[PDB]
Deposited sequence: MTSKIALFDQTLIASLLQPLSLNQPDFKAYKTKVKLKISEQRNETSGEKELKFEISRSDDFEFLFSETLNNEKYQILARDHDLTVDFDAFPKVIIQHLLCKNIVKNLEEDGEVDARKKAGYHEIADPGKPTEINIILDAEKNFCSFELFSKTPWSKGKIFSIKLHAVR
């Protein structure tokens, strides 16, 4: 309705997850993941929201999302030293990184949440852009 799709593509990501509840060591696989980025209006406040949704074509049980408003974004920008404002944020990652880039998806052992992480390698670092905690769509 108010929802505007900004990005909807299948990406190659590394999916990481603990071996079990008691074994925190990760197992890692390269998997194809659908990433959807959209903007929408919060129904109670009318303010702009940025929604991130991750799914898989094979695994219907794999559904994670997070909606960011300007306040939530400021926390993210603060934690990852982002300079870009809330409105410019989606445009930059879409035009410069999502279109060398690495995506990591780290699952909870209970699969209640997953950390969506984006990287742009430098000659001296992994070049982490940001990580977003996405929650299971339940």
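Unmodelled regions of the deposited chain sequence (numbering from residue 1, in sequence order): 1, 101-129.
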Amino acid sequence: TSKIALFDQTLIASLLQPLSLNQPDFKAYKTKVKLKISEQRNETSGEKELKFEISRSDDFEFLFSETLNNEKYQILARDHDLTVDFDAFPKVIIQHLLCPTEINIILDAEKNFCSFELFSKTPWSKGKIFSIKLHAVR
From here on, numbers count along this sequence of modelled residues.
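According to the PDB record, 21-29 carries the higher mean C-alpha B-factor of the two stretches 21-29 and 125-133. In this crystal structure, the stretch out of 56-64 and 86-94 whose C-alpha atoms carry the higher mean B factor is 56-64. Of all the options 106, 37, 103, 109, the entry's greatest CA B-factor is assigned to 109. Residue 78: CA B factor lies in the highest third for its chain, per the PDB record.
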